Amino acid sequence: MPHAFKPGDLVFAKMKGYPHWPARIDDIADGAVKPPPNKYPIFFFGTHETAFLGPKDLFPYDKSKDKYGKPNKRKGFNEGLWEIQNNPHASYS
């Protein structure tokens, strides 16, 4: 059975106006700004952007890759697909 989301989990993350996007749940670094309650820090592959999202916007990667893991015209998306598949846990600092 599923657990709660934890840092390291790979997802497709949905934001208004964007396709479901390859992403991961990030750790909060010591001394770094925490997310609001019930939100997780989402790191977006390819763009390397962070946003704060709740579970309704987070789709587990394995279950969803067949639907959402296809090339997309949007800036950074295809890079993002490579990242999530090839080195999802690397530093992209």
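Don't overthink the numbering: it's just position in the shown sequence, from 1.
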property: Higher-scoring stretch by recorded Cα B factor average, 65 to 73 or 79 to 87; result: 65 to 73
property: Segment of higher mean CA temperature factor, 54 to 62 or 24 to 32; result: 24 to 32
property: Where the record places residue 2 (Cα B-factor, split into thirds across the chain); result: highest
property: Entry-reported Cα temperature factor of residue 41, expressed as the chain third it lands in; result: lowest
